[PDB]
Amino acid sequence: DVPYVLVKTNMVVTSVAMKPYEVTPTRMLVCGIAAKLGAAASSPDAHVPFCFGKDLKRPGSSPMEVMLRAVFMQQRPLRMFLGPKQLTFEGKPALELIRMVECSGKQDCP
Amino acid sequence: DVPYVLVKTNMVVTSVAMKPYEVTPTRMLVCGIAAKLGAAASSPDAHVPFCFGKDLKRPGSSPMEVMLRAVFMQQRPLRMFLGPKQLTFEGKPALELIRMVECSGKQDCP
Amino acid sequence: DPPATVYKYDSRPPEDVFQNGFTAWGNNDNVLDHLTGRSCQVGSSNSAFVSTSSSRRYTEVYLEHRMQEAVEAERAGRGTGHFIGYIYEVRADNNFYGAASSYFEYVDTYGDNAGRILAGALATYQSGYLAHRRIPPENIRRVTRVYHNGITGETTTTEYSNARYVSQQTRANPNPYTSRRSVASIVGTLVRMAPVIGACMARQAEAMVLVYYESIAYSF
Amino acid sequence: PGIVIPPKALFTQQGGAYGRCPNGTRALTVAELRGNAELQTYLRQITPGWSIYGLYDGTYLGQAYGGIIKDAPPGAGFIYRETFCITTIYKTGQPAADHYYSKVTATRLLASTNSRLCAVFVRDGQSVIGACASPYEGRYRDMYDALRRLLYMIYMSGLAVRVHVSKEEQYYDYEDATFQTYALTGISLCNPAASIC
Amino acid sequence: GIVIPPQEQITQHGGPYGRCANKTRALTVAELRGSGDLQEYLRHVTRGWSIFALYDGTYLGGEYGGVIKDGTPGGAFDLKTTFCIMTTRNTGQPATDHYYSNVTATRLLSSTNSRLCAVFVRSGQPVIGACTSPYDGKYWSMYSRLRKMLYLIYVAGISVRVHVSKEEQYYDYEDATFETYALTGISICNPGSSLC
Amino acid sequence: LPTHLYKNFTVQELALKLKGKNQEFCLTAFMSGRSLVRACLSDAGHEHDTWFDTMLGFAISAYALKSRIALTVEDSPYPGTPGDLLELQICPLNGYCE
Amino acid sequence: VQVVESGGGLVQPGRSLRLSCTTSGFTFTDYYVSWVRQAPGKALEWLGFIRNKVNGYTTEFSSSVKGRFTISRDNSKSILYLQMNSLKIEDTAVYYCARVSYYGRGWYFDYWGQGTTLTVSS
Amino acid sequence: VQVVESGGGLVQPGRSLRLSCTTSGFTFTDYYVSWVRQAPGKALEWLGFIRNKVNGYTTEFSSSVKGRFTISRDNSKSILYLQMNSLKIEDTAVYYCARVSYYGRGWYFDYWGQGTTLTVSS
Amino acid sequence: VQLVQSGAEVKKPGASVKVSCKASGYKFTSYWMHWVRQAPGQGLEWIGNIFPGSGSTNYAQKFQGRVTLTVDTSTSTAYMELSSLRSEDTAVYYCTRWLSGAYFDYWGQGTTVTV
Amino acid sequence: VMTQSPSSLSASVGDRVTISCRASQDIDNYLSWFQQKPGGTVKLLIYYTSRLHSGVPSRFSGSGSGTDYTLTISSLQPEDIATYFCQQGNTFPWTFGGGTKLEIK
Amino acid sequence: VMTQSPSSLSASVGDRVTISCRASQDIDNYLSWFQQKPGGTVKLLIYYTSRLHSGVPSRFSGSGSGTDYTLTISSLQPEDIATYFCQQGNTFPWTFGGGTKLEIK
Amino acid sequence: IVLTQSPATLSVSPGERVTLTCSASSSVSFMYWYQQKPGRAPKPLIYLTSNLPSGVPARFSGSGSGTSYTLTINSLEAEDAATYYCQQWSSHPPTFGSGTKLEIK
């Protein structure tokens with residue numbers, strides 16, 4: 001686990017996946033891989049996983065899912081809040097996303 | 001309100017909207033504007049408004065909404081049942097829709 | 001008001017554009033067929049309208065996504081990771097025609113049964129202009145050579161000036177275009193995915209993947 | 001050129017540990033701290049003993065040093081244990097009426113675990129008003145499942161819309177916002193021939 | 001040809017001024033002409049000089065002698081009675097399983113409550129119709145899954161196969177030249193696939 | 001039971017049928033120059049949950065975009081029969097999975 | 001299109017007899033068929049008709065003959081039969097087999113056969 | 001862009017007064033305005049300011065004069081008023097009304113006017 | 001950093017062969033390896049590549065269904081297997097490294113196969 | 001019930017002749033005609049009030065409304081000797097006429 | 001509390017002159033300078049550290065960090081005789097300096 | 001992609017200057033180059049274009065444009081007796097030239 005929340009700037013969402021949650025049957029995890037625009041190929045921020053748990057007992061799309069679908073289809077840059085807790089994806093560790101905000105400009109996205 | 005039901009022919013939907021219900025909660029109205037083919041540039045038969053209600057206790061979508069969305073996106077002529085009651089829309093009263101079918105040809109849509 | 005400059009994206013090297021310019025394909029001059037994309041499809045590409053854009057932010061974001069495609073392509077396992085792209089500057093003249101106004105003229109003249117709602121949205125989003133059959137090099141002024149170096153990630157931009165450009169004061173035609181009634185049938189509009197760019201615009205830039213627009217506008 | 005200063009009453013007593021504020025709550029910016037005399041005066045009696053506190057893009061110092069405020073790059077305040085968080089809702093206590101705007105276009109998004117989906121509507125390249133909708137809280141929460149479909153539809157295409165707004169409550173989600181945000185209670189597509197927009 | 005509804009579906013209280021109740025529709029003149037039992041049941045009930053109006057004409061009864069006349073669509077709804085007929089029937093046949101191979105959807109129909117129906121075509125002629133409803137019917141639980149595929153096929157014009165069930169028959173269309181049953185499946189297939 | 005991974009395939013067919021007392025959903029993948037892979041998912045065991053509808057929506061969205069997919073299939077206990085679907089992944093648009 | 005009847009001859013009170021009307025040239029499962037008579041003194045009298053596939057091959061008659069004459073189809077042979085019960089002492093008439101077409105919003109006949117002769121004596 | 005003040009003179013102890021600050025050249029509903037003081041033998045001290053339209057026309061006051069000097073706006077006339085519930089001998093000073101801007105993350109004065117003299121005497 | 005491979009073999013047509021290319025001197029998990037063969041008196045030809053860190057492979061269209069690339073992390077040795085041999089498959093097989101950029105640098109010996 | 005008049009009528013070559021045919025009440029334009037040759041042959045001539053069946057010569061004509069309907073032949077030829085009738089289809093059961101004979105002398 | 005030095009200073013045309021204004025603790029670069037001519041009008045010269053306001057000639061400049069910040073004049077001209085001030089803007093309430101009187105010999 | 005080289009074999013006197021060209025059926029952005037010795041593995045020689053790797057002597061250079069690239073040999077020795085190939089990796093899959101061997105007079 002990462003001891004504190006990390007903030008990355010100017011990434012995009014490039015894939016989406018669905019997989020059952022092992023601990024409790026009443027949830028599943030939506031997972032994707034983010035990439036920083038124009039980043040170095042050897043940089044640690046050029047390939048990063050993330051997941052968040054959806055609920056099943058109530059129908060209808062969660063507020064996160066609609067935004068993720070829209071950004072995935074339209075490919076806009078955004079700012080993502082990652083950490084602190086970690087989950088597993090593809091047999092490897094992955095972070096948990098708490099907040100998600102689209103980018104507005106240079107004053108907001110360094 | 002008009003005491004008897006009216007029937008319209010060769011109507012095409014051009015705009016949609018969505019607004020709450022004034023007199024009682026747990027209800028919703030869906031409204032729009034319908035244009036008639038062959039009507040004059042300033043004819044009163046152009047831009048006839050229509051509304052219908054929705055119940056909020058049932059998730060998903062009712063069949064009327066699905067048909068409305070399809071015929072709106074595809075821009076096909078339709079046959080309209082309008083009246084007799086009236087409903088509010090943008091500071092003007094508009095009639096209610098009770099049944100709606102797509103035209104097939106000159107046999108039943110002269 | 002009509003503008004004086006238009007911009008286009010292409011990949012053909014600048015060393016031969018200045019002697020040849022861009023040319024259309026055939027003699028089909030119907031407007032709705034061009035907007036829907038049926039006349040720009042593979043195996044049916046026969047159109048007399050070259051499509052250009054009048055806003056540079058759209059072309060810049062398009063080229064940025066095209067450049068970024070190569071990075072993930074290389075990481076997947078194919079391609080070196082280097083990209084070369086271009087952005088062109090063309091002068092507008094009275095032979096060009098607007099797209100949104102011509103579409104609305106067609107819809108008004110021939111009724112709502114021949115219209116498609118998202119076609120006008122695509123026309124207004126891309127702020128496109130049609131250059132008719134030919135767009136001669138005399139209106140070509142400047143080019144931008146964008147280079148992406150995959151070994152280190154640096155982005156480099158350079159510019160050059162044409163030796164055959166001619167300066168004249170002429171703006172785009174204000175009168176919309178009129179076309180005859182369509183003889184074919186149209187199911188939907190063709191749209192490239194990520195980003196939403198009209199089929200007719202991206203087909204002249206380059207297998208290709210095209211999906212009906214009305215199928216994605218709502219969430220399944 | 002300016003920012004909207006959140007009121008003092010939104011200050012959270014139980015701060016977020018290591019940057020994780022509780023759900024439905026957001027951190028605080030240094031600019032929003034330099035414009036609240038009441039909050040600054042109130043804060044002097046709560047931070048004794050050489051303590052240090054973190055912010056979104058800065059750092060706050062305790063009463064032992066004198067309450068100096070210093071700037072920092074974003075994400076640099078979560079390294080410390082204590083952080084300031086503020087609630088993101090506000091009940092104005094004002095009579096409600098139908099307010100609306102015209103010729104707008106949606107351009108922005110925001111979401112979290114248990115928060116609203118929000119958008120910013122812009123006319124002629126400048127922001128006008130913001131709107132939000134939630135499925136878990138509020139008076140108009142039942143309309144989320146209905147309004148979200150049309151919201152997504154008008155996002156994908158550049159169709160002009162008329163937006164209806166209720167002013168009984170106000171939201172402070174977007175940090176350093178140069179505009180106001182309210183609740184969303186309606187959407188109507190533009191049509192000039194029928195004199196709507 | 002034209003499908004002639006049966007006699008047992010008549011409603012005892014006609015619609016007031018042209019608004020039939022839910023899950024009901026007005027009777028057409030053509031269907032009226034081609035039925036003997038319906039004519040017999042219309043007489044022995046209408047009396048005095050009572051006039052009645054149908055969907056596409058006028059009906060003179062009582063002491064007029066039962067004369068039927070043709071007219072413009074929806075042009076006579078102003079009278080105080082309009083014949084209304086139900087659009088649902090139970091057949092009693094067992095749980096069949098039928099399919100119609102290559103077909104394309106062409107038309108849609110909907111009203112308050114009721115159901116959504118589609119008409120399938122092959123080389124320009126109707127073949128069969130199907131309907132789905134979330135309010136009643138044996139297959140109500142399948143609506144939320146079939147509506148997505150029905151929207152997709154209608155928008156994209158996909159040639160598909162249709163699984164239908166002949167337990168129930170519906171008469172939602174006016175002057176239909178085809179039968180209508182309950183939808184129970186749909187499949188997009190390559191030629192000779194096994195999963196169909 | 002054995003588990004296998006397939007990458008860089010395309011959805012070619014799609015079906016929704018009533019088989020027995022429960023509904024069923026099947027799909028067929030394709031890649032040039034090799035065999036086909038087929039799997040099915042049944043709304044049995046799962047009930048009073050939104051799992052089936054979400055998976056159906058994801059699969060329909062994947063088919064509509066004509067994009068490449070990565071799928072996990074559980075081996076059938078007897079030959080010539082579809083297996084059980086476990087995981088579905090959408091490859092990047094206009095590209096390939098890593 | 002050819003429509004020709006067969007059967008008949010002579011019959012005595014209380015004796016049944018089935019007539020055959022065999023057709024060709026059209027799809028037998030989609031059209032209607034009717035039986036008309038011409039008792040001495042003209043005054044052609046309509047008796048009944050059978051329906052097509054879309055309606056389930058229902059039958060409607062006229063007068064008070066309900067409970068006497070019946071109609072059945074053999075769809076695999078394009079042959080239609082007409083069964084009579086106890087023939088009245090006056091039933092003598094040339095029986096005609098004709099097809100029914102539909103146009104606009106009504107019905108009519110279109111084609112006619114040669115006819116068959118039945119004489120009932122005692 | 002300029003601003004002019006009017007009013008002043010002599011005010012007896014225990015008497016109230018209101019000043020004026022009239023603006024021109026800039027959109028009055030967008031910017032922050034404030035007040036300044038200058039004791040004859042001392043430096044400059046800050047009183048308070050009124051916020052703009054977006055912030056909802058709220059005001060901030062310094063601890064020296066809390067609950068004595070209020071600030072009000074009149075958008076229809078573009079006039080700033082400053083009320084004084086009580087006045088004492090020590091309050092004789094030259095009063096300035098000034099504007100406030102906003103940079104990256106700060107606030108700064110940019111225009112000042114011309115000033116006026118207010119005196120308390122018996 | 002060197003690459004060491006097996007020897008030369010001879011096989012009967014209709015069988016299958018399996019070749020090794022062991023790598024040492026660096027972390028093998030984060031670099032692709034390419035497979036290229038050269039027929040006698042003919043030009044080079046591309047077979048496929050494998051990434052040890054993800055296990056994803058890419059093959060040419062004409063070798064689809066015939067070849068299979070595997071890597072063993074314990075011995076840092078890559079394995080190539082080809083089935084249904086014919087007389088046209090006699091060639092010299094090479095293994096080389098890619099740098100996610102730049103160029104191929106470290107090749108290997110011949111490992112001729114005769115069918 | 002339904003009646004016709006005259007029962008019999010005669011003419012010669014090139015002689016325009018018209019026959020009458022009426023009903024008890026208004027029948028809403030559902031009236032048909034027939035041609036029964038001297039022995040064992042029936043052929044339809046007009047099915048709607050005015051619409052003409054294929055194969056019938058154009059010389060025949062018909063018009064009417066309400067309760068009055070007439071049929072007109074432009075000019076008589078020898079082949080025209082036959083018996084004509086009428087039939088209505090407004091409501092069940094259908095009914096025919098009494099007949100009308102055309103002769104030459 | 002805030003102080004300045006020198007209290008008074010005199011020079012001649014062409015003499016580079018600097019003024020030292022300091023604070024009690026870290027202020028994070030929020031100093032603004034002001035010029036007050038004898039006429040009573042008060043104008044702004046530098047608002048954020050080392051950036052020149054519109055209308056002020058490029059002669060004036062500033063520098064500093066932490067607690068010490070120094071204003072510098074390239075050369076004194078007859079129109080520069082006035083009194084200068086330094087104001088802080090980090091925390092409410094704001095405080096002004098004591099001022100410096102600058103004469104020309 | 002199809003690559004053509006000419007001549008199949010090259011002969012030259014020592015110390016001279018000679019070049020080889022490999023052409024392509026479609027335009028590609030870059031043109032790699034390789035050197036190959038008998039009985040051993042080939043070794044890299046150029047990457048991208050006109051860009052030498054570490055260790056290769058400076059006496060080798062290359063230049064060209066779209067659909068036509070050249071390799072320039074400016075200092076010949078007995079060591080240069082080898083085979084040269086050119087590679088593309090802009091469109092999947094890569095293609096190699098048939099190659100050309102060098103012979104010393």
# chains A, B, ... in the order shown; residues from 1 in each chain; ligands from 1

$ residues_around --residues "region 37-44 of chain K" --least-positions-apart "2" --cutoff "8 Å" --atoms "only C-alpha atoms" --output "PyMOL selection string"
(chain H and resi 109-115) or (chain K and resi 32-35+46-47+53+81-83)

$ interface_residues --of "chain C" --to "chain E" --cutoff "7 Å" --atoms "only C-alpha atoms" --output "PDB file with C-alpha atoms, in the first residue's frame"
ATOM      1  CA  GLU C 214     -26.804   6.873 -34.011  1.00  0.00           C
ATOM      2  CA  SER C 215     -25.810   3.606 -32.300  1.00  0.00           C
ATOM      3  CA  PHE C 220     -26.491   0.669 -23.610  1.00  0.00           C
TER       4      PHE C 220
END

$ calpha_fit_rmsd --fixed "chain B" --moving "chain A"
0.7 Å

$ interface_residues --of "chain A" --to "chain C" --cutoff "7 Å" --atoms "only C-alpha atoms" --output "PyMOL selection string"
chain A and resi 38-40+73-75

$ atom_distance --atom1 "CA of residue 3 (chain J)" --atom2 "CA of residue 84 (chain J)"
12.6 Å

$ interface_residues --of "chain E" --to "chain B" --cutoff "10 Å" --atoms "only C-alpha atoms" --output "JSON, numbers by chain"
{"E": [16, 17, 18, 19, 20, 22, 25, 72, 73, 74, 75, 76, 77, 78, 79, 80, 106, 107, 108, 109, 110, 111, 112, 113, 114, 115, 116, 117, 132, 133, 134, 135, 143, 144, 147, 148, 150, 151, 152, 154, 155, 173, 174, 175]}

$ atom_distance --atom1 "CA of residue 82 (chain H)" --atom2 "CA of residue 38 (chain H)"
16.0 Å
